[PDB]
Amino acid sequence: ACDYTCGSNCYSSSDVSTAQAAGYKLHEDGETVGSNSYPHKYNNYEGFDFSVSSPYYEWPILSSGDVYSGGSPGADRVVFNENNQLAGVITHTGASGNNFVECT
């Protein structure tokens, strides 16, 4: 069973903490990867009710199981805060345009 289901992509807790740890490290060191400069601030335009406080940062999580290193980011993202607390896992899949919906 999936801990997080983003469209047709299946993720376990370990997939999420692994992706999150990589994004937080880059955030700490003030470095980015890719053309969209990840990790970057997640403004929460959609207004999700995250249990942890802002600011939020997004980092792509890949269905391949690999840690994002620069190519296409896919549609899924892990959202973490300043204290490296997981806010949630989101996706562009099933959302119009460049909007997001939470992964179930």
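Heads up: residue numbers just count along the shown sequence, starting at 1. Under this definition, the rigid core comprises the largest set of C-alpha atoms superposing within 1.5 Å between the forms.
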Which of 23-31 and 43-51 strays further in 4 other deposited structures of this protein - Cα RMS after rigid core alignment: 43-51
46-54 set against 61-69, stretch whose average Cα temperature factor tops the other in the entry: 46-54
Average Cα temperature factor in the PDB entry - higher stretch of 22-30, 73-81: 22-30
Where the record places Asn99 (Cα B-factor, split into thirds across the chain): middle
